[PDB]
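Notes to accompany the following structure.
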Amino acid sequence: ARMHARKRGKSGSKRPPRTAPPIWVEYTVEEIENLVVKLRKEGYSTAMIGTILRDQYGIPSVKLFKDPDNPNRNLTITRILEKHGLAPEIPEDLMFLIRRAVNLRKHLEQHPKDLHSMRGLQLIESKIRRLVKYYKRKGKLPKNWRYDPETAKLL
Amino acid sequence: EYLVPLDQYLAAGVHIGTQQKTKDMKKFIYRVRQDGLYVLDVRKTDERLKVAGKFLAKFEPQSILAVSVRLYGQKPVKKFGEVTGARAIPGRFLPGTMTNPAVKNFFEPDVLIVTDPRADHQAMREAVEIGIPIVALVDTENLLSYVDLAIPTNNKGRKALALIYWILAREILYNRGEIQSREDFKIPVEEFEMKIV
Amino acid sequence: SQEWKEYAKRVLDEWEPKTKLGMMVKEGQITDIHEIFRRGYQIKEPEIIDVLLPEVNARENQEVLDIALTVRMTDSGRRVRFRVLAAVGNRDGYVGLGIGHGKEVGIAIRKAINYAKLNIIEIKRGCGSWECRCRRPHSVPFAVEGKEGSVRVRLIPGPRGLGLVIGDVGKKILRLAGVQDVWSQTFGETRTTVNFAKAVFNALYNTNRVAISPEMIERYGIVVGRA
Amino acid sequence: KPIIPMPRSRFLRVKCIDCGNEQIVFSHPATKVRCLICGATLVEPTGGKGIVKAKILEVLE
Amino acid sequence: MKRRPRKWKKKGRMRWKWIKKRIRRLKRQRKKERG
Amino acid sequence: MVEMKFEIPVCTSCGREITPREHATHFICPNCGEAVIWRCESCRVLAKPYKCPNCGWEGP
Amino acid sequence: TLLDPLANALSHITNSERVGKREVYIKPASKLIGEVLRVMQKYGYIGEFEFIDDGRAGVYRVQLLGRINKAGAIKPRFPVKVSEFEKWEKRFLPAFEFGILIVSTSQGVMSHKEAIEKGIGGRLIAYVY
RNA sequence: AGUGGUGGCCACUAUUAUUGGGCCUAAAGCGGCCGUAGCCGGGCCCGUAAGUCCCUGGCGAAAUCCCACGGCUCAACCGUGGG
RNA sequence: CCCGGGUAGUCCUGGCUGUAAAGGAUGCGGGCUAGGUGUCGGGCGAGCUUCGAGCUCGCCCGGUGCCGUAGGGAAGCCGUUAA
């Protein structure tokens, strides 16, 4: 994470170059479909869904399995949650950032003098706005959609 | 096959290295001990020193210099030079020895023998400035820059010094043909070792 | 020519060889100049080289580049000292440069000449201009650089008859290196003649540092040293 | 530095203690690992290798 | 008012702080009498 | 004029020729003892290994 | 942030050479990079090379033969017609044909001498000698 | 049969720097951070041909410029022919 | 300059003023590049254990030095934390 903290720390994580999924996965594409719809039915976003699936269920990655409905695409959790109407409208990361934004703005309301968190607010707001600008360049949001603290409160 | 018994080697401190390593001698290093001292490879040491014996015979006896500024090696080198007719210089190597013709003891070898690479820096610089091949008695702390024939072992202990110098005399006089068998040396280890006064 | 062999004989039966290299030149095992350089030997007795290249002794083949009067400040006066820099070479790809300290003109001159003899070097030569390409050793075979201090000098092949397009110090060095047409450019100040000379030396040495195919040898006619 | 990055995390075919349940689990879990039937925890996430408590049967790569 | 570091070396010079302050006092009086 | 093409010595552990005043070395091949292994500074200071052309013996 | 594979590749090659190692592993491997690696190998400046599917971007493994004085990437992709190569050649080479230039042309990226023989200009990408 | 003095312009000058300059100690990195336009941007497949490149018609008039030849005694100049 | 006092100041509240040798006198991001060694912090593996990651050793990653090969630079010096 260098883009603001400017520290080149490497806590990233690695995936081996496997092209076909391994054999020891005793579940099939429909079974992982059943489990992922169960999981998101239980109220989890993609990151925690995939973590627990690779953790307790053991399947290393759903990206190693090819979507039946398209030969060129490798199956992903987001696509599956899009299949059944369980993907979210506002992309998950940005919803999280809005939630943290309203959180910090409240704490800041009851605490004006901590300019350190003023700067933090400035940071997280540039973050959300960059993500939103990008997604506008892609068009997965309504074009009139634009940040407001108050609707974030409604969020 | 070993020139000397392995247990003799282990008793001689040949395989005992320091608490340090280097990228250069990762190959020669065998393993580490839980305390910290490093262990060299015995078999590689034996192979390299028999190779060195195969080498040194190709030169003249007198032409080869052997120098040890480390205290523990001075009698091993004098004894080896006596045995093999090589020239030997213990103590403080006079700077400008082979580089300065006006000196009294001017002599230019065709190969060098080095006891401790760290201590014998001056010898290497002189010999290089003459431009000759270099042989070294290295440790897991010595450095492999500017050595044509490095041999790994413990280059501090007196027992190791005498043992390896003895084996070197054995192999050089083997390959020189003056003495064919190993058993013709009636000069045991204690003749090369240091005497504690 | 015959006079050079006479000089070689005079020194041969006068000089007593001390170094390890003195034998193979006095005993005749070595007779090629490039014999010394190839193997990676050393040189310390200047008397060696005139045996194989007595032509260095020619009065014209020795060049005095510059004479500096560097002072030393003492508690009890100003003690001058002559630092003289001079070059000596043959016109077939061997040259050398020397710096000699002294109390008079002569002593510094002699010591500098001896040192320069000791720093003899081999010179590749060719023709790699974009126009001439005549395969002869009438120029540096290809572009090179030489760095010393502030000064960095780049030498570029040129067509024949162009002459030495370079400052006077480089002119003398290249006249005594056996080269006669080259473009030259300099970065850094060239008023300190000593560094200019040393930089040209570095460049000439760097010529041999360039990787080459035999194809290139036959294309520019790369004469390694003596033509 | 290894040219191709090889993961330092393996997978583990393990047997739970209570209900005799086989499972595939991960060496460096980011969260808790629990059994399907009895529900008890299996491996605890920490700064490094997860804290196994059941019996490891086989090591998968 | 972007002070040159070169001027801070006291060789053949007065301490820069005080020259700056002198210029400021002169500025004060000049702007004053102007208006 | 009979052309005087010498064989300029080539270092063994890098393939780069030996510049004239390089203080390089030449010594007999180690394990068999017929090949003249050269060694240049660029291979000496870092002391990268050399492999004999004949016996495949590798060493510094 | 990595932005240009080729320049990092050729710089990595030269920085290996001046040390003079044997094996190099260009992490940013691309099809164009492989074509380039073919180019000078057809003048043997390198030994063999191989592609390795790393699962992310490929990695090219290359042996050196110790024959690269300097290998730089002309970054601003100067387009050049046939008739003026001598100016740009003189811009990046020490002597007459002393090495090569790699040009991307309508037919496929490869060296410059043939491109003169085939008489097709293009866009300079790299130089090496 | 010109030379000298002065003035102004290019080289000298990599002291204007794309080719091709520096910014720790010589003058030169702002106290720090955010980010708009601009500029520079990972790889693979399909298409396009805007750029990029090759060929081809019209056109960029003459005089000046490069080259061979002819006239002026030679030259400069002029003409014819090619760029 | 030393000593005896002494106002504004130095403290809290609200606002302004936008400055310093704010100096590593070193603008930031990526790729490459011999090494030696410590501490800091995270992880892993051995050894110790009065069983507290509580104590010694090896490795990997990030920050922080010191020494240092090649290499740079007028030199001071720098040198994988680059100049």
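Chains as they are written, first to last, in PDB author numbering: chain AR, 2 to 156; chain AB, 4 to 200; chain AG, 2 to 228; chain AY, 3 to 63; chain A2, 1 to 35; chain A1, 1 to 60; chain AJ, 2 to 130. Positions of the beta carbon are idealized from the N, C-alpha and C atoms, including for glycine.
Exercise. Along the beta strand (DSSP E) that carries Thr-75 (chain AG), what are the first and last residues, could you check?
Key: 63-75
Exercise. Look at the alpha carbon of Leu-125 (chain AJ) and the alpha carbon of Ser-105 (chain AJ), and state the distance between them as a whole number of angstroms.
Key: 6 Å
Self-check item: Cα-Cα separation, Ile-99 (chain AR) to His-13 (chain AJ)
Solution: 43 Å
Quiz item: For the region 43-74 of chain AR, which residues have a CB atom closer than 9 Å to at least one CB atom of chain AY, in sequence order?
Solution: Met-49, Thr-52, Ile-53, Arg-55, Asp-56, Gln-57, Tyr-58, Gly-59, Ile-60, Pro-61
Quiz item: Which residue's Cα is closest to the Cα of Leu-6 (chain AB): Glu-63 (chain AB), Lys-162 (chain AB), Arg-46 (chain AB)?
Solution: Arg-46 (chain AB)
Self-check item: Rounded distance between the beta-carbons of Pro-155 (chain AB) and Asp-27 (chain AB), thought under 8 Å
Solution: Not confirmed; about 11 Å, so no contact.
Quiz item: If you compare alpha carbons, which of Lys-8 (chain AR), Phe-97 (chain AR), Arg-74 (chain AR), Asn-75 (chain AR) is closest to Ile-125 (chain AR)?
Solution: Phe-97 (chain AR)
Exercise. Please specify which runs of the beta strand (DSSP E), each continuous and at least 3 residues long, are wholly inside the region 122-158 of chain AB, giving them in chain order.
Key: 137-141, 152-155
Quiz item: Can you find at least 3 beta carbon pairs, one from the region 147-159 of chain AG and one from the region 13-27 of chain AY, that sit closer than 8 Å?
Solution: no
Exercise. Check the Cβ of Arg-227 (chain AG) against every Cβ in chain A1 and list those closer than 8 Å, keeping chain order.
Key: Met-4
Quiz item: What do you reckon, are the CB atoms on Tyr-61 (chain AJ) and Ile-103 (chain AJ) nearer than 8 Å?
Solution: no
Self-check item: Delimiting residues of the alpha helix (DSSP H) encompassing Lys-78 (chain AB)
Solution: 77-87
Practice problem: Return the bridge partner residues of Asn-75 (chain AR) from the DSSP annotation. | Solution: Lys-67 (chain AR)
Self-check item: Alpha carbon of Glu-151 (chain AR) to alpha carbon of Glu-93 (chain AR), nearest angstrom
Solution: 19 Å
Quiz prompt | Nearest-angstrom Cβ-Cβ length linking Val-141 (chain AG) and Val-180 (chain AG), presumed shorter than 8 Å | solution = 6 Å
Exercise. Report the three-state DSSP secondary structure of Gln-123 (chain AR) (helix, strand or coil).
Key: helix
Quiz item: Can you pull the DSSP bridge partners for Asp-182 (chain AG)?
Solution: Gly-164 (chain AG)
Quiz prompt | Which listed residue (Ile-167 (chain AB), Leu-152 (chain AB), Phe-195 (chain AB), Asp-151 (chain AB)) has its alpha carbon closest to that of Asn-158 (chain AB) | solution = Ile-167 (chain AB)
Practice problem: Taking all protein chains shown into account, decide if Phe-96 (chain AB) is buried (16 or more other Cβ within 10 angstroms of its Cβ) or exposed. | Solution: buried
Quiz item: Is any beta-carbon of chain AB found at less than 8 Å from that of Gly-99 (chain AG)?
Solution: no
Quiz item: Between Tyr-42 (chain AG) and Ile-122 (chain AG), is the Cβ-Cβ spacing less than 8 Å?
Solution: no
Quiz item: At a Cβ threshold of 8 Å, is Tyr-206 (chain AG) touching chain AB?
Solution: no
Practice problem: Output, in chain order, the set of chain AJ residues within a Cβ distance shorter than 8 Å of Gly-15 (chain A1). | Solution: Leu-66, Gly-67, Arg-68
Self-check item: Local conformation of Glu-49 (chain AJ) per DSSP, three classes
Solution: strand
Exercise. Grab the span of the alpha helix (DSSP H) containing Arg-179 (chain AB) for me, first residue to last.
Key: 161-179
Quiz item: Residues of chain AY with CB under 7 Å from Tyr-61 (chain AJ), in chain order?
Solution: Within chain AY, no residue comes near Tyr-61 (chain AJ); the closest Cβ sits about 11 Å away, beyond 7 Å.
Practice problem: Please name the residue in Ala-172 (chain AB), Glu-144 (chain AB), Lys-30 (chain AB) whose C-alpha comes closest to that of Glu-186 (chain AB). | Solution: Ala-172 (chain AB)
Exercise. Drop a sphere of 10 angstroms on the beta-carbon of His-85 (chain AR), count the other beta-carbons inside from all chains shown, and report buried for 16 or more, exposed for fewer.
Key: exposed
Self-check item: Burial state of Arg-51 (chain AB), where buried means 16 or more other Cβ atoms lie within 10 Å
Solution: buried
Quiz item: If you measure from the beta carbon of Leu-59 (chain AB) to each beta carbon in chain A1, is any gap under 8 Å?
Solution: no
Quiz item: Helix, strand or coil for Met-4 (chain AR) per DSSP?
Solution: coil
Quiz item: Exposed or buried, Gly-180 (chain AB), counting other C-beta atoms within 10 Å across all chains shown (16 or more means buried)?
Solution: exposed
Quiz prompt | Minimum Cβ-Cβ distance from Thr-33 (chain AY) to chain AR less than 8 Å | solution = yes
Quiz item: Within 8 Å (strictly less), CB to CB, does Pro-17 (chain AR) reach chain AY?
Solution: yes
Quiz prompt | Own chain partners of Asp-68 (chain AR) with C-beta closer than 6 Å, once the 5 adjacent residues on each side are dropped | solution = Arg-74, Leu-76
Exercise. Check each candidate in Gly-121 (chain AR), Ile-60 (chain AR), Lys-154 (chain AR) and name the one with the smallest Cα separation from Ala-6 (chain AR).
Key: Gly-121 (chain AR)
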